[PDB]
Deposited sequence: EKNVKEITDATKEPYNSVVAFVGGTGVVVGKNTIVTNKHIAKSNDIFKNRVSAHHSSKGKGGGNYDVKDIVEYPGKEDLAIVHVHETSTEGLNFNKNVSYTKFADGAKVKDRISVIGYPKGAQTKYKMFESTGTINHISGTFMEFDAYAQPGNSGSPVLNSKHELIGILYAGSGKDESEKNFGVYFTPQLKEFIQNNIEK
């Protein structure tokens, strides 16, 4: 599928749970706590580099938050937790400026989904886009879906028809894309690593 629309104002749920890194996307799951891919989290460590809360072309910021630390999932899955410092250098509070996306607790093949993130962000001044498609395969922590995606979509939340989080995109092949599918085990890892 290629139905891709810009979200010009991402101050509303669920778009206000989406975050921009240099080089890709993440999603907010709880207090000070973001989920993304390993390379997105890790690389952003080299330049260690702020995250922008739901950047969009027309919404009120957001705010841009310094990364406190990361927790990489111990297994092969392309999953990392990123903690931010709650208060931005402009005095905005992360938790007052985002929402926490709820878990879907799984999905079925043929389910209609949305991938939301920042394809070609460096070229678009980090416009947020939502791309719709279908789940084509689920196996363990692996899923495939056909929502159109590009460089910049790494770490993008894949949401179900109720705005709940099924997993995150990690790879293309494109309209043939791969994600980390959140099994109970992955959900537990994420939840155990949300700040109190």
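Missing from the model, by position in the deposited sequence, is the single stretch 174-177.
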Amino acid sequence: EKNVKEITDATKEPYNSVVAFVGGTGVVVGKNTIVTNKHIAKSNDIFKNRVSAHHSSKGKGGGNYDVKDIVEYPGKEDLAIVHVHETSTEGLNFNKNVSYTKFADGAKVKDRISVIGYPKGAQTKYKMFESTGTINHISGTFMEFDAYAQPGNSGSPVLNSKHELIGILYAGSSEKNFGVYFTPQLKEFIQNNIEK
From here on, numbers count along this sequence of modelled residues.
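Two stretches are in play, 138-146 and 152-160, and the higher mean C-alpha B-factor belongs to 138-146. With 163-171 and 46-54 compared on mean CA B-factor from the PDB entry, the stretch scoring higher is 46-54.
Per the PDB entry, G61 shows the highest C-alpha temperature factor of the residues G61, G30, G26, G133. Which of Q123, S114, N97, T101 has the largest Cα B-factor in the deposited entry comes down to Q123. In this PDB entry, the Cα temperature factor of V18 sits in the bottom third of its chain's modelled residues, the lowest group.
Looking at the C-alpha B-factors along this chain, the one for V67 belongs to the highest third. Per the PDB record, residue ranking by Cα B-factor puts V35 in the middle third of the chain.
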